[PDB]
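Below you'll find only one chain, the form deposited in one PDB entry, shown as structure tokens.
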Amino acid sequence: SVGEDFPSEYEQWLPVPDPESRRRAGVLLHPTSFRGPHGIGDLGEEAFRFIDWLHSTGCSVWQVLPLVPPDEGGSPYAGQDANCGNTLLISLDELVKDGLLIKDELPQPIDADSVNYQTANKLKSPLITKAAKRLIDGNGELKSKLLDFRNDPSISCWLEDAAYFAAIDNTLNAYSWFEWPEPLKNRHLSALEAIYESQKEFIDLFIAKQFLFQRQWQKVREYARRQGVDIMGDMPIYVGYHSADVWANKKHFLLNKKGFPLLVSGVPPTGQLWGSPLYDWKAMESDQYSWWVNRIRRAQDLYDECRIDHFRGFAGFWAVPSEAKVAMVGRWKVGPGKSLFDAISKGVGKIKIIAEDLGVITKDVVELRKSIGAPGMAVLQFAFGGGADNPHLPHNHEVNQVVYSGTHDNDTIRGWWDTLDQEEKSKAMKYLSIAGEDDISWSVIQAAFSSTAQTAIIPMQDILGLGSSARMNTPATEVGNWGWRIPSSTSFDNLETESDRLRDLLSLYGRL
């Protein structure tokens, strides 16, 4: 009532910081990059030591690339399945702790300054198989947990299809499932029954290996939670054609009557022809988008938060005739928009998505992102072309946003600086606080941390001040990517200086 006395509590009725608005920082590091003797990083001791080091710095987020089974080139983005984990991340030493291997069975260490997948597979897979076999042949607590995992409806809704798909793909010599004999191609019940009988061992071992992955990943996730670290995963909007995701869900994709894609993914200008099948969004509507709901439920199972690559495809997507050799001959199609996210909310509750929204995007993309409250991205490596309206410049950043120095698709800051255009360089020198070129990565890190963006993420390569040899991926190249590992001599114990320097900057910019 106007003019009357307030209660005496008035003076303590102060604004409270919303815990959901807490400023934070983190590190982008894929677990393949961890040090160790078995040819690849894994979910063992180095994952826990990394989490400890991250906690020591004051960082509270760890971002990974997709954890799916990669292709032969190591790519997390050409996954063999959208929901399975990369079994080569399984730690042999952790299997010893679980009693499925004995210490004596572990292999002699190998030099692998970079990940060679074929070498890691040859070394580790026989032992992961032996552990899985011991698991299925036993009858204890661990076997009982395997059964709970296998019979859990939110696991079984993708795992059985994944395991049958893999067993068929293992048994058949064929390019893709389009070439499979009709009863297998089209999942006839008695054909699938016959596959279970004839490939029973393969199927049970595949499922056990997914269990072992789940168990180890979940231990890592819990450990991160215990040390005040959230994990942010990565989910590409599209899935590959030759996958259980498509084969077991044909009606949910734009395929012809023979199961061949009608239209494929890409972006216009030469633009890019990615060549993935496209979702049949109208068909998906008819079962309240169950396929996407299930995918998000799996993402929730693995990660605290998730980046979706090419988030713009939910508003509008480029569709290329499947017979085309290039992208420029396609059409833009209307995406599902907020009705998809409404269905997800109804199905799964609150989600934490990060929209990858880089490049030329349309007004509908921005409106959709805002309507669901998702942050977009700023990337400082992109800030110094054009004028002062570039959205990647700090003064243009938004609070509900994730700022990066760069992503896995960019060179390291040092490498980027090396090849940078003179006009962009002179510009960067005005915006950034730069001392020696040796320390350019720390200039950019400081600019990221000084941002109003609620979350700042730095690649481990930039914290280590590494050059172009440490770049994780060069887009559109098909060899020499995804192999970077933390140098063999750099232990998390050897990074106290870097931790102190990070912590000092987080303190200064209110991210602790």
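When you see a residue number, it is the position in the sequence shown, counting from 1. Take the two forms, superpose them, and find the largest set of C-alpha atoms that agree within 1.5 Å; that set is the rigid core.
The same protein has a further form, the form deposited in another entry, not shown here; the description that follows concerns it.
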Which of 385, 321, 391, 99 is displaced between this form and the one not shown by 2 angstroms or more at its C-alpha, rigid core aligned = 321
key: C-alpha of residue 330 off by 2 Å or more between this form and the one not shown on rigid core   = yes
task = Determine, after fitting the two forms on their core, whether residue 493 shows a C-alpha shift of 2 Å or more between this form and the one not shown.
result = no
ask   = Honestly, after the rigid core fit, is residue 11 moving at least 2 Å at Cα between this form and the one not shown?
value = yes
